[PDB]
Each structure stands twice: as structure tokens, then as C-alpha cells.
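As C-alpha cells, the structure follows; a few thoughts come after it.
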Amino acid sequence: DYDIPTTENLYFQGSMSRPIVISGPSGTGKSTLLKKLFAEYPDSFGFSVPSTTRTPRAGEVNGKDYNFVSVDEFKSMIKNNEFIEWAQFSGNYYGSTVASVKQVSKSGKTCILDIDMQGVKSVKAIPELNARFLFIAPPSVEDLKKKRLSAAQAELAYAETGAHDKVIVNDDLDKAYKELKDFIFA
Amino acid sequence: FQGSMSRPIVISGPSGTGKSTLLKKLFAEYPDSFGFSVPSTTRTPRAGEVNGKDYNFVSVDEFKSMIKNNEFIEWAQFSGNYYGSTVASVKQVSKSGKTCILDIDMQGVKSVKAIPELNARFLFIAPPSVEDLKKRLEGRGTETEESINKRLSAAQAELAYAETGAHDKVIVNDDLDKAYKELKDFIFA
């Protein structure tokens, strides 16, 4: 009975769906596990709609391809900590807002954030999110060879500290995938 | 494989005018005549991606050497990786028996006009007026004042450039079926 929405208290910051952060170095099969997940359950998951200051392009829909905002707005969002991550290139800003992640859950889907280590660390610094963290591992670094293998090593070391709620080692694709399902649907 | 016997067609025009609607009908009615050129990248293929269809995958050293050799219409870095569009990838669609469509904006039009060996044709899809475009976009339930404004002022820039005679053909989209008919007349001319 805390902070119940009412006619005089029109606010809806209660409990929502927990978003799921998925990370792991590339080359582990992670993209194959997600394609399968979205193939099998195509009405359950969604991705955050990014924001940008660039001009819309042909076929682009505001609120679906991009949330198209002004530079000033974007700058006020950066300063007020509204982005999980953001970038700037060729004079244009791009980013993912905390809000866009909650927006996904509003349709009834669970948000998946497929992001890297810096991404994981940022989501951790944001108490309003409440994410679950899944890391997809190779069976061994050695296995991963076919340089920027140090990128992989540091993600592997970050995972050792018990950052993620679950590590899935992908030495077998079918079992990896059933562990992905068991985790996501717990 | 043929040579470069069909001229690639650059189709541009303000965001929001219904160009993408026109292209969608076109590809549905003629699914065997047209193709999109395939960009190149140094990012590693994600396992379910096909070299030649999603990207031409290359290595950093190949990409750099293609850069020095002038092979790209355009290129840049996005996150860790090089991407670009090669001249060859546009001529590829012609060698396959099709016609390349390049769905791009004014800035892209200028940058293709500066590779005159492409021998591109330029089609411009125009709204009946800026104020008509405002009303069209207002009619969609998704656009904000900011998102409309960005398009309107870009519409202004593109109409003014079109006014200088830059395109081979201007089609004004105020009736979809009539616009679509001029589209076909132009492409199959």
C-alpha cells in the first residue's frame, strides 16, 4: 500500500518487468542464441528505441526507429543522467535512455539490452533500472581464436568477480540455449 | 556476368513525402528487376550473415588498401569498425542483370554526382509543398514538433537544390497512384 496511484497521485513508478542485460565477447555464439530466442518467442522481447539529433531518413518513424530530439534536449538529457550510453559522431548525438528501456516494458514485452562491459557497468550505476545480468562465455579463451582478444579477456575477468546473475558457457549450442530460456523465464 | 549495362538510379527526396511507400510498391510489383548495393565492412561476421549479401566482409588491411586505392563512394568508422560503399558494389547489381537503386538524400546525391563514372540517373520525389508535408506528417500519429521541424527544414534545402535542375526528373507526390505511374514511366524509359 505504499504510493498507490490515485486520481490525486498520478504517478506510476511501481514495479515493472525486469530488463535483461546480455553481454559476452563476440564469437561465442551469443548472436545465434538471441536469433533463436527471438525466432521462437517473437512477441516477448523488444529493444530500446535509440534517440538521435540527426535528421529523419526515408521510412523512419519517430518513436520506432529513433526518438528524434534537438541538440539542446539531448544535451540536457546527458547532464541529467538520462542516458545509459551515448555517442557523438559527424556532429550528431545518439543514445539510449533509461526511459526508452522502460518504454519497451510498457507494451508488455521484456527489454533485452545486448551491450558490452562498459554498458553493464553503467546499467549497474542506475538504481531505477533493476536489471538482471546474463553473461555468455566461450568454453575457453583458446577456443575463441579463428589481438582484440584482450577485449575478450577483460570481459572474462570482469565476470570472475561475480558481476552477472548467470554465466552460460557455450560449449554446446542446445544446452546453452535451454539455459538461456531457463534464466530468462525464471 | 554482364558489364555495367544498366545505369544505377539514385532516388532522393525529403523525408516524409511517401518515397518509401513508392519504393515498396515498386519492389513488390517488380521483384526481379532491382537490387541494393551491398556495403563493405571490417567487422567480423556474426555467424548467420552471408558474405556478398549482408556485407562484403573484408579485413582492416584490405579496407585501408581499398581506401588508398579510391574504391569507395563513401566510408567511415562506426564503433570499432570500417564501413563503406564501393563503386564496384553498385556496378555489381548491373553485372547481375538488374538495376541498382540508391535510396539516399541530397548529401548522398552530391557525393554520387562527384563519381561521374557511375553514370547514375537522378530521380527526386517532391512533396507538393513544404506546408503540405507538414500536414502529411501531422497526420501520422507519431511525429513530434521536433521531428517534423527537422524534416521541414531539410525539405527546404532539398527543394532549393532540386530547383537548380540537379535531377533528371522531379515527381511531385500528391496523388499516390499518379506519382507511382510517373515513377514507372521514368524507371522503364
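Residues are referred to by chain and number: the chain letter is A, B, ... according to the order shown in the C-alpha cells, the number counts from 1 in that chain, and ligands are numbered separately from 1 in the order shown.
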I need the contact residues of chain B against chain A, so if you could list those with any atom within 12 Å, counting only C-alpha atoms, and return them as a PyMOL selection string, that would help. chain B and resi 11-24+43-49+76-80+102-108+125+137-138+140-155
DSSP on the backbone: which residues in region 17-184 of chain A end up as strand (DSSP E or B)? Give the answer as an NGL selection string. :A and (20-23 or 45-46 or 51-52 or 62 or 66-68 or 83-89 or 92-97 or 110-114 or 132-137 or 166-169)
Take the residues from that selection and write them out as a CSV table (one decimal), in the first residue's frame, keeping N, CA and C atoms.
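Writing done, so here's selection11.csv:
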```csv
chain,number,residue,atom,x,y,z
A,20,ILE,N,16.7,-7.3,-19.1
A,20,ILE,CA,17.7,-8.3,-19.1
A,20,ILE,C,18.8,-7.8,-19.9
A,21,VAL,N,20.0,-7.6,-19.2
A,21,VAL,CA,21.2,-7.3,-19.8
A,21,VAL,C,22.0,-8.5,-20.2
A,22,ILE,N,22.4,-8.6,-21.5
A,22,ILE,CA,23.1,-9.8,-22.0
A,22,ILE,C,24.4,-9.3,-22.6
A,23,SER,N,25.5,-9.9,-22.1
A,23,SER,CA,26.8,-9.5,-22.6
A,23,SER,C,27.7,-10.7,-22.7
A,45,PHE,N,10.0,-10.0,-26.6
A,45,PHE,CA,11.1,-9.2,-26.4
A,45,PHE,C,11.1,-8.0,-27.3
A,46,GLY,N,11.8,-7.0,-26.8
A,46,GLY,CA,11.9,-5.7,-27.5
A,46,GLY,C,13.2,-5.1,-27.2
A,51,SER,N,17.8,7.4,-29.2
A,51,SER,CA,17.5,8.8,-29.5
A,51,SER,C,18.6,9.3,-30.4
A,52,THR,N,18.3,10.4,-31.2
A,52,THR,CA,19.2,11.0,-32.0
A,52,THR,C,18.9,12.4,-32.4
A,62,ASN,N,9.4,8.3,-36.0
A,62,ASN,CA,9.7,8.8,-34.7
A,62,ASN,C,9.0,7.8,-33.7
A,66,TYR,N,13.8,6.0,-34.2
A,66,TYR,CA,14.6,6.8,-33.4
A,66,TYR,C,13.6,7.7,-32.6
A,67,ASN,N,14.0,8.1,-31.4
A,67,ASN,CA,13.3,9.2,-30.8
A,67,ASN,C,14.2,10.4,-31.3
A,68,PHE,N,13.6,11.2,-32.1
A,68,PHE,CA,14.4,12.3,-32.7
A,68,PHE,C,14.2,13.6,-31.9
A,83,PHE,N,20.8,9.0,-20.0
A,83,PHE,CA,21.2,8.0,-20.9
A,83,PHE,C,21.9,6.9,-20.2
A,84,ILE,N,21.6,5.7,-20.6
A,84,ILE,CA,22.5,4.6,-20.3
A,84,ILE,C,23.9,4.8,-20.9
A,85,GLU,N,23.9,4.9,-22.3
A,85,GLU,CA,25.1,5.2,-23.0
A,85,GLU,C,24.7,6.2,-24.1
A,86,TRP,N,25.7,7.0,-24.5
A,86,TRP,CA,25.5,7.9,-25.7
A,86,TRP,C,26.8,8.1,-26.4
A,87,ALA,N,26.7,8.6,-27.7
A,87,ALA,CA,27.9,8.9,-28.5
A,87,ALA,C,27.6,10.1,-29.3
A,88,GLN,N,28.7,10.6,-29.9
A,88,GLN,CA,28.6,11.7,-30.9
A,88,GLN,C,29.5,11.4,-32.0
A,89,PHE,N,29.0,11.5,-33.2
A,89,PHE,CA,29.9,11.4,-34.4
A,89,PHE,C,29.3,12.2,-35.6
A,92,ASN,N,26.4,14.6,-34.8
A,92,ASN,CA,25.1,14.2,-34.4
A,92,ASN,C,25.2,13.3,-33.1
A,93,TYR,N,24.3,13.5,-32.2
A,93,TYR,CA,24.3,12.7,-31.0
A,93,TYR,C,23.4,11.5,-31.1
A,94,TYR,N,23.8,10.4,-30.5
A,94,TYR,CA,23.0,9.2,-30.4
A,94,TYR,C,23.0,8.6,-29.0
A,95,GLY,N,22.0,7.9,-28.6
A,95,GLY,CA,22.0,7.4,-27.2
A,95,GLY,C,20.8,6.5,-26.9
A,96,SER,N,21.0,5.8,-25.7
A,96,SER,CA,19.9,5.0,-25.2
A,96,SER,C,19.4,5.5,-23.8
A,97,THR,N,18.2,5.9,-23.7
A,97,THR,CA,17.7,6.5,-22.5
A,97,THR,C,17.2,5.4,-21.5
A,110,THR,N,9.5,-7.8,-22.5
A,110,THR,CA,10.7,-7.7,-21.7
A,110,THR,C,11.8,-7.1,-22.6
A,111,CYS,N,12.4,-6.0,-22.1
A,111,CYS,CA,13.6,-5.4,-22.7
A,111,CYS,C,14.9,-6.2,-22.6
A,112,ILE,N,15.5,-6.4,-23.8
A,112,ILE,CA,16.8,-7.1,-23.8
A,112,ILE,C,17.8,-5.9,-24.2
A,113,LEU,N,18.9,-5.8,-23.4
A,113,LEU,CA,19.9,-4.9,-23.7
A,113,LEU,C,21.2,-5.8,-24.0
A,114,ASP,N,21.5,-5.9,-25.3
A,114,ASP,CA,22.7,-6.7,-25.7
A,114,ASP,C,23.9,-5.7,-25.7
A,132,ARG,N,18.5,-7.7,-14.7
A,132,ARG,CA,19.2,-9.0,-14.4
A,132,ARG,C,20.4,-9.1,-15.4
A,133,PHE,N,21.4,-9.7,-15.0
A,133,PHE,CA,22.6,-9.7,-15.9
A,133,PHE,C,23.0,-11.1,-16.3
A,134,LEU,N,23.1,-11.3,-17.6
A,134,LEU,CA,23.5,-12.6,-18.2
A,134,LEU,C,24.7,-12.5,-19.0
A,135,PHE,N,25.7,-13.3,-18.7
A,135,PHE,CA,27.0,-13.3,-19.5
A,135,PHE,C,27.1,-14.6,-20.3
A,136,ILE,N,27.4,-14.5,-21.6
A,136,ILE,CA,27.6,-15.6,-22.5
A,136,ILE,C,29.1,-15.8,-22.7
A,137,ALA,N,29.7,-16.9,-22.2
A,137,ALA,CA,31.1,-17.2,-22.2
A,137,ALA,C,31.6,-18.2,-23.3
A,166,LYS,N,24.2,-14.8,-14.0
A,166,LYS,CA,24.3,-16.1,-14.5
A,166,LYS,C,25.4,-16.1,-15.6
A,167,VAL,N,26.3,-17.0,-15.6
A,167,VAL,CA,27.2,-17.2,-16.7
A,167,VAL,C,26.8,-18.4,-17.5
A,168,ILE,N,26.7,-18.4,-18.8
A,168,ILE,CA,26.4,-19.6,-19.6
A,168,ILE,C,27.6,-19.7,-20.4
A,169,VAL,N,28.3,-20.9,-20.3
A,169,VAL,CA,29.4,-21.3,-21.1
A,169,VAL,C,28.8,-22.0,-22.3
```
When you draw a straight line from CA of residue 50 (chain A) to CA of residue 83 (chain B), how long is it in Å? 20.5 Å
Shell of 6 Å around residue 100 (chain B), only C-alpha atoms, local chain residues under 6 positions omitted, as number ranges by chain: B: 8, 34-36, 93
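Of the residues under consideration (A:16, A:154, A:184, A:176), A:16 shows the shortest atom-to-atom contact distance to residue 107 (chain A) when counting only C-alpha atoms.
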